[PDB]
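Heads up, the sequence shown is in the working numbering, so the first residue is 186 and it goes up one at a time.
Each residue gets a CB set at the ideal place from its N, CA and C atoms; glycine is no exception.
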Amino acid sequence: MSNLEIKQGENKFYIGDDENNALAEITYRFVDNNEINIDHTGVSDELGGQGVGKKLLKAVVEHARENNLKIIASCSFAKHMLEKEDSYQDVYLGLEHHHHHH
Numbered sequence: 186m187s188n189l190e191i192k193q194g195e196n197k198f199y200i201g202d203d204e205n206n207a208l209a210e211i212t213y214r215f216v217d218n219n220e221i222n223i224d225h226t227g228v229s230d231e232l233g234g235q236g237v238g239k240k241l242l243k244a245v246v247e248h249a250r251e252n253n254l255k256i257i258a259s260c261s262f263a264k265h266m267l268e269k270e271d272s273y274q275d276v277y278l279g280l281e282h283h284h285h286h287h
C-alpha cells in the first residue's frame, strides 16, 4: 500500500522493500569536488519500458543540475544510457573526438 517511494540511503537511492529487495538502486560518490560518478546501478530491467532506472536517473540529474554537479559513470549501464540521452546533456560530459560539425 502506497509503496513507490525512493528510499534515501548513504549516497544511494533505492526503490524496493528493503536492502535485499532493492529492485532498482543507484549510487553516486563525490570523486573530486562537484564531479560525481554513478558508481553502481543495480536496476532490474524487465522490458525497458518498465525500467525503473529512468526514474532514478531523472532524480539524480535533476538534483545534480540544481547542485552544479557534473555526472560521470563508472558503470557502463548508466554511462551508455546517458550517452544516447541528449536530454541530460547538461551534467553529462561524455567523450568526443572533436569531429562535431554535427
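Shown here, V246 sits in a helix according to DSSP, grouped into three states. Assignment of beta-bridge partners to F262 by DSSP yields no partner. When beta bridges are read from the DSSP output, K197 appears opposite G194 and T212.
The Cβ atoms of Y213 and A207 lie no closer than 8 Å to each other.
Under DSSP, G227 forms a beta bridge with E210. Annotation: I211 to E281 spans about 26 Å, alpha carbon to alpha carbon.
Here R250 has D275 and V276 as same chain residues with Cβ atoms under 6 Å from its own Cβ, once five neighbours each way along the sequence are excluded.
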